[PDB]
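Working notes, beginning with the structure itself.
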Amino acid sequence: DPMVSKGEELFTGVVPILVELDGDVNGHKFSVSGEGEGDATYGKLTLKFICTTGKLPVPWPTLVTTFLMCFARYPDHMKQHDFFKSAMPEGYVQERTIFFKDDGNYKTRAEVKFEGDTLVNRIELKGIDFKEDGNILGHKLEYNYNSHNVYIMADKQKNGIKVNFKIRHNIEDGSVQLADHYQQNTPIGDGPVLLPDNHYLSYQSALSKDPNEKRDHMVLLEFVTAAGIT
């Protein structure tokens, strides 16, 4: 497939990644920069994030889904279903609303595209109606992360996709904080893209710290694999 070749060929090896986030949650302002690399052949991403404005006013785990679905490993028999790569190099816009149960919401807008050889994720995030002393602004979430399926469907009339899933963040008392995610992606360019049958991505995420780093930061390792079209 002379289309399944173009975006694909862009991802065949290890690709440098840059991430930039402008944030404002309940008027608490912050910026984050991330760097690392993705290897879509194995669905592998390695990233480190720094809050460049000082203290991150929200828990690092809450930003994991916001901080690269073009790095998913699509099985060969599911390559016609890979919208994310099909939109490259011109890229795509990824929008979300994330509803924290019994608390506030994040609304995000991102552009994901190549800048030269580097795959870049530029993000603006606004959250509102957070509780000052709730699990998010009150930093009550554990520094860890659970594995989660992400369900994709075509959004045929917007020429893109819709993605919906639930994240449960472990709270330090042993309970969980639900983060209900609603997502839409649409290509930046006017050229053809792959519009997938229903399927899902399996995500595994591992959080850590860099022992030499004094800045407020997070090290993220992720594995991601498309499935559900047997």
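The sequence shown lines up with residues -2 to 64, 68 to 230 when you count with the authors' numbering.
All residues carry an ideal CB built from backbone N, CA and C; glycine is no exception.
A distance below 8 angstroms separates the beta carbons of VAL22 and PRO54. In the DSSP assignment, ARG73 is bridged to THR225. DSSP lists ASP21 as the beta-bridge partner residues of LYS26.
When C-alpha distances from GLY31 are compared across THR49, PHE84 and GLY160, the shortest belongs to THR49.
Assignment of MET0 by DSSP, reduced to helix, strand and coil, places it in the coil class. In this structure, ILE152 sits near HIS199, with a CB-CB distance shorter than 8 angstroms.
Residues of the same chain with a CB within less than 6 angstroms of the CB of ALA72, apart from the 5 flanking positions on each side, are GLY40, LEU201, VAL224 and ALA226 in chain order.
Contact between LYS140 and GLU111 is absent: CB atoms are separated by about 32 angstroms, not below the 8 angstroms threshold. DSSP, read as helix, strand or coil, puts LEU44 in strand.
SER86 and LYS45 have their C-alpha atoms some 26 angstroms from each other. Distance from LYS107 to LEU178 at the Cβ level is roughly 17 angstroms; contact not present, criterion being Cβ atoms closer than 8 angstroms.
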